>>> print(open('upload_30.txt').read())   # compact mmCIF, C-alpha atoms and all ligand atoms
# COMPACT_ATOMS: atom_id res chain seq x y z
CA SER G 1 -16.47 -9.38 -97.18
CA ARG G 2 -13.70 -11.95 -96.85
CA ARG G 3 -12.19 -10.21 -93.83
CA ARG G 4 -12.84 -10.07 -90.09
CA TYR G 5 -12.70 -6.95 -87.96
CA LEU G 6 -10.95 -6.37 -84.63
CA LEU G 7 -11.90 -3.58 -82.22
CA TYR G 8 -11.00 -2.74 -78.67
CA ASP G 9 -11.37 -0.25 -75.88
CA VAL G 10 -9.46 0.34 -72.69
CA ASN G 11 -10.34 1.10 -69.13
CA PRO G 12 -11.76 4.68 -68.92
CA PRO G 13 -9.11 6.06 -66.61
CA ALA G 14 -6.36 5.17 -69.14
CA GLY G 15 -4.22 8.01 -70.36
CA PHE G 16 -3.48 8.97 -73.95
CA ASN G 17 0.06 7.62 -73.63
CA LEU G 18 -1.08 4.30 -72.23
CA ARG G 19 -3.68 3.76 -74.87
CA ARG G 20 -0.72 4.00 -77.21
CA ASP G 21 1.06 1.13 -75.48
CA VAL G 22 -2.07 -0.95 -75.63
CA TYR G 23 -2.37 -0.38 -79.39
CA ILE G 24 0.98 -2.11 -79.81
CA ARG G 25 -0.34 -4.97 -77.69
CA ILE G 26 -3.35 -5.37 -79.94
CA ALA G 27 -1.13 -5.15 -83.00
CA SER G 28 0.87 -8.05 -81.58
CA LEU G 29 -2.34 -10.06 -81.43
CA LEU G 30 -3.63 -9.11 -84.86
CA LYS G 31 -0.37 -10.07 -86.46
CA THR G 32 -0.76 -13.50 -84.95
CA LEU G 33 -4.33 -13.64 -86.26
CA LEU G 34 -3.21 -12.68 -89.75
CA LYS G 35 -1.04 -15.77 -89.88
CA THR G 36 -4.26 -17.75 -90.28
CA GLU G 37 -7.11 -15.63 -91.62
CA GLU G 38 -7.81 -12.26 -93.19
CA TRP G 39 -8.02 -9.63 -90.41
CA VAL G 40 -7.92 -5.87 -90.01
CA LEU G 41 -7.56 -3.71 -86.90
CA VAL G 42 -10.19 -1.00 -86.45
CA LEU G 43 -8.66 2.07 -84.81
CA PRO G 44 -10.65 3.09 -81.73
CA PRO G 45 -11.69 6.75 -81.91
CA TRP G 46 -9.81 8.97 -79.50
CA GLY G 47 -11.70 10.86 -76.84
CA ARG G 48 -12.81 9.56 -73.50
CA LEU G 49 -15.77 8.77 -71.26
CA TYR G 50 -14.53 10.97 -68.43
CA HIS G 51 -14.40 14.14 -70.46
CA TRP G 52 -13.33 16.23 -67.56
CA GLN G 53 -10.07 14.33 -67.46
CA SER G 54 -9.04 16.30 -70.54
CA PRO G 55 -9.59 19.99 -70.72
CA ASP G 56 -9.92 19.97 -74.49
CA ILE G 57 -13.27 21.40 -74.77
CA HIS G 58 -15.25 18.20 -74.65
CA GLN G 59 -13.39 16.51 -77.53
CA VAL G 60 -14.69 13.18 -78.81
CA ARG G 61 -14.74 10.74 -81.74
CA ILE G 62 -11.36 12.00 -82.87
CA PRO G 63 -9.96 9.79 -85.69
CA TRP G 64 -6.38 8.57 -85.50
CA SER G 65 -5.74 10.64 -88.61
CA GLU G 66 -5.34 13.62 -86.29
CA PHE G 67 -2.52 12.05 -84.28
CA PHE G 68 -0.60 9.53 -86.38
CA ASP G 69 0.17 8.94 -90.05
CA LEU G 70 -2.15 6.19 -91.23
CA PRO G 71 -0.17 4.94 -94.24
CA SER G 72 2.73 4.53 -91.81
CA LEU G 73 0.69 2.58 -89.34
CA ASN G 74 -0.56 0.45 -92.19
CA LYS G 75 2.85 -0.68 -93.38
CA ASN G 76 2.93 -2.57 -90.02
CA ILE G 77 -0.52 -4.13 -89.96
CA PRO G 78 -3.67 -3.63 -92.02
CA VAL G 79 -5.58 -1.00 -90.16
CA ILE G 80 -8.69 1.10 -90.71
CA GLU G 81 -10.43 4.04 -89.10
CA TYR G 82 -13.71 3.41 -87.30
CA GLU G 83 -15.80 5.70 -89.48
CA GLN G 84 -14.68 3.51 -92.38
CA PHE G 85 -15.55 0.33 -90.50
CA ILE G 86 -19.11 1.64 -90.44
CA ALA G 87 -18.70 2.19 -94.16
CA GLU G 88 -17.50 -1.35 -94.93
CA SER G 89 -19.75 -3.38 -92.63
CA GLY G 90 -23.42 -2.56 -93.02
CA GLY G 91 -23.95 -0.30 -90.02
CA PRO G 92 -22.16 0.48 -86.74
CA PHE G 93 -22.80 -3.06 -85.54
CA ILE G 94 -20.41 -5.35 -83.69
CA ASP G 95 -20.99 -9.08 -83.65
CA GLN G 96 -19.24 -10.03 -80.43
CA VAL G 97 -18.00 -7.95 -77.55
CA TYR G 98 -15.76 -9.67 -75.04
CA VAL G 99 -15.06 -7.85 -71.80
CA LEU G 100 -11.62 -8.81 -70.53
CA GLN G 101 -11.20 -9.48 -66.82
CA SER G 102 -8.81 -11.17 -64.45
CA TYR G 103 -9.54 -14.64 -63.11
CA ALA G 104 -12.15 -14.89 -60.41
CA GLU G 105 -10.11 -17.42 -58.44
CA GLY G 106 -7.07 -15.19 -58.73
CA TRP G 107 -3.88 -17.19 -58.36
CA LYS G 108 -1.84 -18.88 -55.65
CA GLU G 109 1.90 -19.00 -56.21
CA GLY G 110 3.06 -21.56 -58.78
CA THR G 111 -0.27 -20.86 -60.39
CA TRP G 112 1.17 -18.77 -63.21
CA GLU G 113 -0.12 -20.01 -66.55
CA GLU G 114 -1.05 -18.20 -69.74
CA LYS G 115 -4.71 -18.80 -70.44
CA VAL G 116 -8.13 -17.44 -71.30
CA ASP G 117 -11.64 -18.64 -70.43
CA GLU G 118 -15.30 -17.75 -70.92
CA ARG G 119 -16.23 -16.70 -67.41
CA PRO G 120 -19.11 -15.14 -65.52
CA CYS G 121 -18.64 -11.36 -65.27
CA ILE G 122 -16.55 -10.46 -62.28
CA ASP G 123 -17.71 -6.89 -62.51
CA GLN G 124 -21.18 -5.58 -63.34
CA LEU G 125 -21.43 -5.28 -67.12
CA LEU G 126 -21.77 -1.80 -68.50
CA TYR G 127 -23.76 -2.67 -71.64
CA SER G 128 -27.54 -2.35 -71.51
CA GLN G 129 -29.96 -3.99 -73.95
CA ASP G 130 -32.32 -1.80 -76.04
CA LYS G 131 -35.94 -2.58 -76.86
CA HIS G 132 -34.50 -4.43 -79.88
CA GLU G 133 -32.09 -6.63 -77.89
CA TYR G 134 -28.99 -4.92 -79.31
CA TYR G 135 -26.39 -4.03 -76.68
CA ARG G 136 -25.99 -0.27 -76.28
CA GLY G 137 -22.77 1.00 -74.75
CA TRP G 138 -20.15 3.75 -74.66
CA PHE G 139 -18.55 2.59 -77.89
CA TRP G 140 -15.97 5.40 -78.17
CA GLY G 141 -18.75 7.93 -78.04
CA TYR G 142 -20.44 6.62 -81.16
CA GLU G 143 -23.95 6.71 -79.89
CA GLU G 144 -25.56 4.60 -82.56
CA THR G 145 -23.23 1.65 -82.18
CA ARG G 146 -25.08 -1.53 -81.27
CA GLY G 147 -23.44 -4.84 -80.32
CA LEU G 148 -24.92 -8.31 -80.94
CA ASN G 149 -23.62 -10.34 -77.99
CA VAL G 150 -21.60 -9.56 -74.85
CA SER G 151 -19.69 -11.94 -72.57
CA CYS G 152 -16.74 -11.71 -70.22
CA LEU G 153 -13.36 -13.36 -70.66
CA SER G 154 -11.02 -14.12 -67.80
CA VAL G 155 -7.51 -13.82 -69.24
CA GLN G 156 -3.88 -14.10 -68.13
CA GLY G 157 -0.95 -13.99 -70.59
CA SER G 158 0.19 -11.98 -73.62
CA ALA G 159 -2.18 -10.56 -76.21
CA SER G 160 -1.85 -13.37 -78.71
CA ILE G 161 -3.08 -15.80 -76.05
CA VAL G 162 -6.48 -14.80 -77.31
CA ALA G 163 -5.90 -15.56 -81.01
CA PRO G 164 -7.01 -19.18 -81.20
CA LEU G 165 -10.26 -18.48 -79.42
CA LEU G 166 -11.01 -15.81 -82.00
CA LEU G 167 -9.93 -18.07 -84.84
CA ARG G 168 -11.64 -21.30 -83.85
CA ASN G 169 -14.11 -20.75 -81.00
CA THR G 170 -16.04 -17.88 -82.67
CA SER G 171 -17.68 -17.17 -86.07
CA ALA G 172 -18.14 -13.40 -85.66
CA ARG G 173 -17.32 -11.02 -88.54
CA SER G 174 -16.36 -8.36 -86.00
CA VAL G 175 -15.09 -8.80 -82.46
CA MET G 176 -14.44 -6.19 -79.80
CA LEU G 177 -12.16 -6.55 -76.80
CA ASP G 178 -13.12 -4.29 -73.93
CA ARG G 179 -10.76 -3.69 -71.01
CA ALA G 180 -8.00 -4.57 -73.44
CA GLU G 181 -5.30 -3.34 -71.10
CA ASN G 182 -5.83 -6.69 -69.39
CA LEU G 183 -3.70 -8.12 -72.21
CA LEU G 184 0.05 -8.19 -71.91
CA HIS G 185 2.80 -7.53 -74.42
CA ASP G 186 3.70 -10.53 -76.49
CA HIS G 187 7.42 -10.04 -76.12
CA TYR G 188 8.09 -6.43 -75.13
CA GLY G 189 11.50 -5.26 -76.24
CA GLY G 190 11.06 -7.65 -79.12
CA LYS G 191 11.62 -7.11 -82.81
CA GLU G 192 7.91 -7.68 -83.45
CA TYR G 193 7.21 -4.95 -80.93
CA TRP G 194 9.58 -2.38 -82.32
CA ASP G 195 8.06 -2.85 -85.75
CA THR G 196 4.74 -1.73 -84.37
CA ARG G 197 6.21 1.08 -82.27
CA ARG G 198 8.16 2.49 -85.22
CA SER G 199 5.06 2.29 -87.33
CA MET G 200 3.32 4.91 -85.27
CA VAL G 201 4.66 8.08 -86.73
CA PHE G 202 3.19 11.38 -85.78
CA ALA G 203 0.72 13.10 -88.05
CA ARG G 204 2.79 15.21 -90.41
CA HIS G 205 1.01 18.37 -89.46
CA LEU G 206 2.11 17.88 -85.86
CA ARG G 207 5.78 17.31 -86.38
CA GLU G 208 5.90 20.35 -88.67
CA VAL G 209 4.68 22.39 -85.70
CA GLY G 210 7.32 20.97 -83.39
CA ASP G 211 9.93 21.44 -86.06
CA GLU G 212 8.72 25.01 -86.41
CA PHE G 213 9.25 25.46 -82.69
CA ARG G 214 12.69 23.85 -82.61
CA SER G 215 13.87 26.07 -85.45
CA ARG G 216 12.41 29.29 -84.03
CA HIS G 217 13.02 29.16 -80.22
CA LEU G 218 15.48 26.27 -79.88
CA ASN G 219 18.06 26.90 -82.61
CA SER G 220 17.39 23.29 -83.62
CA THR G 221 16.74 21.68 -87.01
CA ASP G 222 17.19 18.10 -88.15
CA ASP G 223 20.50 18.67 -90.00
CA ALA G 224 22.07 20.76 -87.22
CA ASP G 225 21.02 18.09 -84.75
CA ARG G 226 22.79 15.50 -86.89
CA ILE G 227 19.60 13.43 -87.27
CA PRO G 228 18.98 12.39 -90.86
CA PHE G 229 15.29 11.79 -91.45
CA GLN G 230 13.36 9.50 -93.71
CA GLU G 231 9.58 9.58 -94.30
CA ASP G 232 9.30 5.80 -94.68
CA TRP G 233 9.81 4.56 -91.15
CA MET G 234 10.93 1.24 -92.58
CA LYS G 235 13.75 2.83 -94.55
CA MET G 236 15.10 4.43 -91.41
CA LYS G 237 17.57 2.37 -89.34
CA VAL G 238 20.13 4.29 -87.30
CA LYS G 239 23.49 3.40 -85.73
CA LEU G 240 22.90 3.86 -82.01
CA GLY G 241 24.27 7.13 -80.62
CA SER G 242 24.81 8.78 -84.00
CA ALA G 243 22.09 11.39 -83.52
CA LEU G 244 23.30 14.53 -81.77
CA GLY G 245 20.27 16.58 -80.70
CA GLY G 246 19.44 20.27 -80.42
CA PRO G 247 21.44 22.79 -78.40
CA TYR G 248 18.93 22.50 -75.58
CA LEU G 249 17.98 20.38 -72.58
CA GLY G 250 14.66 18.57 -72.79
CA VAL G 251 12.60 18.08 -69.64
CA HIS G 252 9.26 16.62 -68.80
CA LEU G 253 7.76 17.43 -65.41
CA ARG G 254 4.64 15.46 -64.64
CA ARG G 255 2.89 17.22 -61.77
CA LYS G 256 -0.95 16.72 -61.57
CA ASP G 257 -0.63 13.50 -59.50
CA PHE G 258 1.06 15.39 -56.68
CA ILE G 259 -2.12 16.22 -54.83
CA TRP G 260 -1.27 12.81 -53.43
CA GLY G 261 -0.20 13.38 -49.83
CA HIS G 262 3.23 12.03 -50.51
CA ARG G 263 5.11 10.52 -53.43
CA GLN G 264 8.79 9.73 -52.90
CA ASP G 265 9.83 9.93 -56.54
CA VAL G 266 8.87 13.44 -57.53
CA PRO G 267 11.03 16.55 -56.90
CA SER G 268 10.18 19.97 -55.46
CA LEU G 269 10.34 22.91 -57.79
CA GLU G 270 13.60 24.09 -56.22
CA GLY G 271 14.94 20.57 -56.19
CA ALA G 272 14.11 20.04 -59.81
CA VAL G 273 15.38 23.45 -60.87
CA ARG G 274 18.70 22.51 -59.29
CA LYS G 275 18.93 19.40 -61.42
CA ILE G 276 18.07 21.42 -64.51
CA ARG G 277 20.91 23.91 -63.94
CA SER G 278 23.33 21.12 -63.00
CA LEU G 279 22.52 19.54 -66.30
CA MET G 280 22.66 22.67 -68.34
CA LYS G 281 26.09 23.56 -67.02
CA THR G 282 27.34 20.04 -67.44
CA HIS G 283 26.45 19.43 -71.06
CA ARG G 284 27.04 23.07 -72.01
CA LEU G 285 23.38 23.64 -72.84
CA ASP G 286 21.99 27.10 -73.59
CA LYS G 287 18.23 26.77 -73.47
CA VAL G 288 15.85 24.41 -71.73
CA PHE G 289 12.52 23.19 -73.12
CA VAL G 290 9.91 22.09 -70.61
CA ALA G 291 6.95 19.76 -71.13
CA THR G 292 4.80 20.00 -68.03
CA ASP G 293 1.23 19.42 -66.93
CA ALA G 294 1.72 21.83 -64.03
CA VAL G 295 -0.95 24.00 -62.54
CA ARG G 296 -0.84 27.71 -63.25
CA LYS G 297 0.33 28.31 -59.70
CA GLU G 298 3.28 25.97 -60.16
CA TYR G 299 4.14 27.14 -63.66
CA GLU G 300 4.34 30.76 -62.48
CA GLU G 301 6.76 29.54 -59.83
CA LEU G 302 8.91 27.66 -62.30
CA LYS G 303 9.04 30.64 -64.64
CA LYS G 304 10.39 32.65 -61.71
CA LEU G 305 13.16 30.19 -60.94
CA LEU G 306 14.01 29.54 -64.58
CA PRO G 307 13.66 32.61 -66.81
CA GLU G 308 15.67 30.91 -69.58
CA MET G 309 12.89 28.30 -69.84
CA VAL G 310 11.03 27.73 -73.07
CA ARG G 311 7.63 26.10 -73.14
CA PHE G 312 5.15 25.34 -75.90
CA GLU G 313 1.95 27.10 -75.00
CA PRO G 314 -0.89 26.43 -77.46
CA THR G 315 -3.51 29.04 -78.23
CA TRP G 316 -7.12 28.06 -77.64
CA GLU G 317 -7.64 27.59 -81.35
CA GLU G 318 -4.44 25.59 -81.50
CA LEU G 319 -5.61 23.20 -78.80
CA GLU G 320 -9.17 22.96 -80.04
CA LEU G 321 -7.42 22.03 -83.27
CA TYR G 322 -4.65 19.56 -82.36
CA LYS G 323 -6.68 18.36 -79.37
CA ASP G 324 -5.05 17.22 -76.15
CA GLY G 325 -2.92 14.41 -77.47
CA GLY G 326 -1.93 16.69 -80.32
CA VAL G 327 -0.32 19.18 -77.99
CA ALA G 328 0.86 16.23 -75.97
CA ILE G 329 2.57 14.87 -79.06
CA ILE G 330 4.18 18.16 -79.97
CA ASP G 331 5.52 18.48 -76.43
CA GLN G 332 7.00 14.97 -76.75
CA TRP G 333 8.42 15.42 -80.22
CA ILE G 334 10.41 18.46 -79.06
CA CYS G 335 11.83 16.68 -76.01
CA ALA G 336 12.79 13.75 -78.22
CA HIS G 337 15.04 16.01 -80.28
CA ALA G 338 16.93 17.66 -77.41
CA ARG G 339 20.64 16.84 -77.08
CA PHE G 340 19.85 15.51 -73.60
CA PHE G 341 16.63 14.60 -71.82
CA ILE G 342 15.33 14.10 -68.32
CA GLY G 343 11.81 12.97 -67.52
CA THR G 344 9.56 12.17 -64.57
CA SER G 345 9.49 8.89 -62.63
CA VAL G 346 7.10 6.27 -64.00
CA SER G 347 5.23 8.65 -66.27
CA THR G 348 4.06 6.89 -69.36
CA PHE G 349 4.44 10.26 -71.16
CA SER G 350 8.18 10.19 -70.48
CA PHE G 351 8.16 6.52 -71.51
CA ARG G 352 6.94 7.45 -74.98
CA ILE G 353 9.76 9.95 -75.25
CA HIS G 354 12.37 7.36 -74.31
CA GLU G 355 10.98 5.35 -77.20
CA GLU G 356 11.15 8.26 -79.61
CA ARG G 357 14.76 9.17 -78.80
CA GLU G 358 15.70 5.51 -79.14
CA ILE G 359 14.24 5.60 -82.66
CA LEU G 360 16.09 8.80 -83.67
CA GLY G 361 19.38 7.30 -82.58
CA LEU G 362 20.17 9.45 -79.57
CA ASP G 363 22.75 8.01 -77.21
CA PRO G 364 20.87 6.25 -74.36
CA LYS G 365 22.85 8.07 -71.67
CA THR G 366 20.99 11.20 -72.79
CA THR G 367 17.65 9.36 -72.96
CA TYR G 368 16.88 7.36 -69.85
CA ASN G 369 16.93 9.87 -67.06
CA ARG G 370 14.62 10.83 -64.27
CA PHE G 371 14.19 13.41 -61.56
CA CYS G 372 14.65 12.16 -58.00
CA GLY G 373 12.65 12.85 -54.91
CA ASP G 374 14.55 15.27 -52.73
CA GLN G 375 14.77 12.65 -50.01
CA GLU G 376 14.33 9.42 -52.03
CA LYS G 377 17.31 7.13 -51.31
CA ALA G 378 17.22 4.36 -53.88
CA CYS G 379 16.60 6.19 -57.09
CA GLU G 380 16.51 3.75 -59.98
CA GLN G 381 16.84 5.20 -63.46
CA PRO G 382 14.52 3.97 -66.27
CA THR G 383 15.54 0.81 -68.14
CA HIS G 384 17.22 1.15 -71.53
CA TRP G 385 15.35 -0.92 -74.14
CA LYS G 386 17.40 -1.17 -77.36
CA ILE G 387 15.66 -1.34 -80.69
CA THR G 388 15.80 -4.58 -82.60
CA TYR G 389 15.49 -4.06 -86.34
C1 LIG T 1 -1.93 8.40 -62.10
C2 LIG T 1 -2.48 7.72 -63.34
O1 LIG T 1 -1.48 7.82 -64.37
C3 LIG T 1 -1.88 7.33 -65.65
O2 LIG T 1 -0.85 7.77 -66.52
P1 LIG T 1 0.52 8.43 -66.01
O3 LIG T 1 1.50 7.41 -65.47
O4 LIG T 1 0.14 9.55 -65.09
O5 LIG T 1 1.21 9.05 -67.32
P2 LIG T 1 0.60 9.96 -68.52
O6 LIG T 1 -0.02 9.11 -69.60
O7 LIG T 1 1.72 10.87 -68.97
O8 LIG T 1 -0.50 10.83 -67.77
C4 LIG T 1 -0.50 12.23 -68.02
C5 LIG T 1 -1.45 12.43 -69.20
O9 LIG T 1 -1.87 13.79 -69.21
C6 LIG T 1 -1.29 14.47 -70.32
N1 LIG T 1 0.09 14.94 -70.01
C7 LIG T 1 0.91 14.60 -68.99
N2 LIG T 1 2.05 15.33 -69.09
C8 LIG T 1 1.93 16.13 -70.17
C9 LIG T 1 2.74 17.09 -70.79
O10 LIG T 1 3.87 17.33 -70.29
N3 LIG T 1 2.29 17.73 -71.89
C10 LIG T 1 1.07 17.46 -72.40
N4 LIG T 1 0.58 18.08 -73.50
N5 LIG T 1 0.27 16.56 -71.83
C11 LIG T 1 0.69 15.89 -70.73
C12 LIG T 1 -1.12 13.39 -71.37
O11 LIG T 1 -2.34 13.24 -72.11
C13 LIG T 1 -0.79 12.15 -70.55
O12 LIG T 1 -1.25 10.92 -71.16
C14 LIG T 1 -3.18 7.98 -66.14
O13 LIG T 1 -3.61 7.34 -67.34
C15 LIG T 1 -4.32 7.90 -65.12
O14 LIG T 1 -5.44 8.71 -65.57
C16 LIG T 1 -3.82 8.35 -63.75
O15 LIG T 1 -3.65 9.78 -63.78
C1 LIG T 2 -12.83 -24.27 -78.72
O1 LIG T 2 -12.85 -25.32 -79.68
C2 LIG T 2 -11.96 -26.37 -79.39
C3 LIG T 2 -11.84 -27.34 -80.55
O2 LIG T 2 -13.11 -27.60 -81.08
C4 LIG T 2 -12.44 -27.09 -78.14
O3 LIG T 2 -11.60 -28.19 -77.90
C5 LIG T 2 -12.41 -26.11 -76.98
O4 LIG T 2 -13.00 -26.69 -75.84
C6 LIG T 2 -13.11 -24.79 -77.31
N1 LIG T 2 -12.70 -23.78 -76.35
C7 LIG T 2 -13.57 -23.01 -75.71
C8 LIG T 2 -13.01 -22.01 -74.73
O5 LIG T 2 -14.78 -23.10 -75.90
CL CL T 3 -7.22 9.65 -74.54
>>> encode(input="upload_30.txt", output="structure tokens")
Amino acid sequence: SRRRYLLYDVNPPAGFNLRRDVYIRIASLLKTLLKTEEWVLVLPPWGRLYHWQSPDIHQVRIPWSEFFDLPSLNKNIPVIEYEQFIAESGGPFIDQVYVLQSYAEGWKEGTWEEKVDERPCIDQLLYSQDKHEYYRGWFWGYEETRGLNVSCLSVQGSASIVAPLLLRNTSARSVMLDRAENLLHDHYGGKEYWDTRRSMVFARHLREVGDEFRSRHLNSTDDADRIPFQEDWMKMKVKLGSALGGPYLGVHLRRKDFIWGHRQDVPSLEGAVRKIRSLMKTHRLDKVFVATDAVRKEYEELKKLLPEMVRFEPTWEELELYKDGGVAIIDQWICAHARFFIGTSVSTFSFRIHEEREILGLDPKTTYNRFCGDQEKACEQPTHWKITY
């Protein structure tokens, strides 16, 4: 009716945890759009073109309902699930699809300017026309989706750089931004940002599972970890470093990249196990929870070196249920609540955890921490980004 719809997709290789960063980026834009007209973000169904990236078992068209808490998300910006977008608008039709791309001419130095232009497609377009002239595409796996018009947009700055073009230069009821990761954060550590990031609260069902785990195998519960909780994410502001954590060390070992001949910033199993023990003994920690994507061969090895290790291993049913990002989220949630945490270099999984601990109020010194390559000389820890309420 009175309102315009915003949709987006990201490059196919993008991970679950990155797609989450991009959502914040789009939020940033929408907010800016809402200052002028009536808009609503349409949540892109989870599940991915390269379906062999995820084990799952071929899981697709998953609604955000399964991962986050929608009412929570909505307190930040007006947001709706895709299946409902089809409900509201007549069919699964999109008026305009813009594919985002860099600038053909690239840039010399000095040439940095925020800007966006209609441009010829740098890369071969993936949308094909049907016998009816509609544009068929991947469309988050929704096979019947048809788009009305497709163009490319060269683009440079933050996400909101796009807003005017959408407001003035187009009439479309619904607009989709493909290759959205091309867009940058408006102002990253910003207060606008943190609003969005805090808005994404895990699906209740998921946290309950992690809380189950913490209570059972970790001797950890919210009260004993000195972390008061509040359902309304807005009503929860926390003096920094008040939250204690569970009597356990949280660790996230990101290993499936390693088939790379060499990477300076990831540790050997022995080398990492040494850090673990050093940490356990230092902070007087009893148990250690591990979130890891490791191969069975490597996990068996870890379990040898670290019998005291605890891991969350989902049953088939459990995974078919919570999907990949569901288990992913559980794994994160648990790490977030550990008294002290160490993650893997430049792993956007670990990044999300940093963000969670920073929301719970855990002292930063126990948050931003990373395993070092056995021989890597300059080993720079992750940057502390403080919440702004
Ligand atoms: C190298 C590139 O890195 C890019 O992200 P990259 O920084 O790895 O960082 P992540 O986004 O963590 O990539 C690992 C992905 O696999 C799953 N994953 C990784 N670690 C864990 C874990 O400990 N537990 C669970 N449940 N799941 C895990 C999760 O879905 C996560 O998004 C990727 O998007 C590209 O596909 C590519 O792989
Ligand atoms: C959009 O409209 C404005 C104002 O009418 C015009 O000046 C500008 O050239 C248009 N921009 C694009 C990218 O078409
Ligand atoms: Cl995904």
>>> atom_distance(input="upload_30.txt", atom1="atom CA of residue 41 of chain G", atom2="atom CA of residue 89 of chain G")
13.5 Å
>>> closest_residue(input="upload_30.txt", among="G:137, G:164, G:110, G:15", to="ligand LIG 1 (chain T)", atoms="all atoms listed in the file")
G:15
>>> residues_near_ligand(input="upload_30.txt", ligand="ligand CL 3 (chain T)", cutoff="8 Å", atoms="all atoms listed in the file", output="PyMOL selection string")
chain G and resi 14-17+19+46-48+54+325
>>> residues_near_ligand(input="upload_30.txt", ligand="ligand LIG 2 (chain T)", cutoff="10 Å", atoms="all atoms listed in the file", output="JSON, numbers by chain")
{"G": [115, 116, 117, 118, 119, 153, 164, 165, 166, 167, 168, 169, 170]}
>>> atom_distance(input="upload_30.txt", atom1="atom CA of residue 81 of chain G", atom2="atom CA of residue 36 of chain G")
22.7 Å
>>> residues_near_point(input="upload_30.txt", point="(-8.5, 12.1, -74.7)", cutoff="12 Å", atoms="all atoms listed in the file", output="ChimeraX atom specification")
/G:10,12-20,44-64,67,140-141,322-328
>>> write_last_selection(input="upload_30.txt", atoms="C-alpha atoms", output="mmCIF file, in the frame of the given file")
data_model
loop_
_atom_site.group_PDB
_atom_site.id
_atom_site.type_symbol
_atom_site.label_atom_id
_atom_site.label_comp_id
_atom_site.auth_asym_id
_atom_site.auth_seq_id
_atom_site.Cartn_x
_atom_site.Cartn_y
_atom_site.Cartn_z
ATOM 1 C CA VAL G 10 -9.460 0.340 -72.690
ATOM 2 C CA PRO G 12 -11.760 4.680 -68.920
ATOM 3 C CA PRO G 13 -9.110 6.060 -66.610
ATOM 4 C CA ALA G 14 -6.360 5.170 -69.140
ATOM 5 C CA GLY G 15 -4.220 8.010 -70.360
ATOM 6 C CA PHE G 16 -3.480 8.970 -73.950
ATOM 7 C CA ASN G 17 0.060 7.620 -73.630
ATOM 8 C CA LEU G 18 -1.080 4.300 -72.230
ATOM 9 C CA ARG G 19 -3.680 3.760 -74.870
ATOM 10 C CA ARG G 20 -0.720 4.000 -77.210
ATOM 11 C CA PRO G 44 -10.650 3.090 -81.730
ATOM 12 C CA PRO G 45 -11.690 6.750 -81.910
ATOM 13 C CA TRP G 46 -9.810 8.970 -79.500
ATOM 14 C CA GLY G 47 -11.700 10.860 -76.840
ATOM 15 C CA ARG G 48 -12.810 9.560 -73.500
ATOM 16 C CA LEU G 49 -15.770 8.770 -71.260
ATOM 17 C CA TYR G 50 -14.530 10.970 -68.430
ATOM 18 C CA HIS G 51 -14.400 14.140 -70.460
ATOM 19 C CA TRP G 52 -13.330 16.230 -67.560
ATOM 20 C CA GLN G 53 -10.070 14.330 -67.460
ATOM 21 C CA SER G 54 -9.040 16.300 -70.540
ATOM 22 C CA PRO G 55 -9.590 19.990 -70.720
ATOM 23 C CA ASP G 56 -9.920 19.970 -74.490
ATOM 24 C CA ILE G 57 -13.270 21.400 -74.770
ATOM 25 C CA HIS G 58 -15.250 18.200 -74.650
ATOM 26 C CA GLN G 59 -13.390 16.510 -77.530
ATOM 27 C CA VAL G 60 -14.690 13.180 -78.810
ATOM 28 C CA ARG G 61 -14.740 10.740 -81.740
ATOM 29 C CA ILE G 62 -11.360 12.000 -82.870
ATOM 30 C CA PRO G 63 -9.960 9.790 -85.690
ATOM 31 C CA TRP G 64 -6.380 8.570 -85.500
ATOM 32 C CA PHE G 67 -2.520 12.050 -84.280
ATOM 33 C CA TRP G 140 -15.970 5.400 -78.170
ATOM 34 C CA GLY G 141 -18.750 7.930 -78.040
ATOM 35 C CA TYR G 322 -4.650 19.560 -82.360
ATOM 36 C CA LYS G 323 -6.680 18.360 -79.370
ATOM 37 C CA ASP G 324 -5.050 17.220 -76.150
ATOM 38 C CA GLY G 325 -2.920 14.410 -77.470
ATOM 39 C CA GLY G 326 -1.930 16.690 -80.320
ATOM 40 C CA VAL G 327 -0.320 19.180 -77.990
ATOM 41 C CA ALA G 328 0.860 16.230 -75.970
#
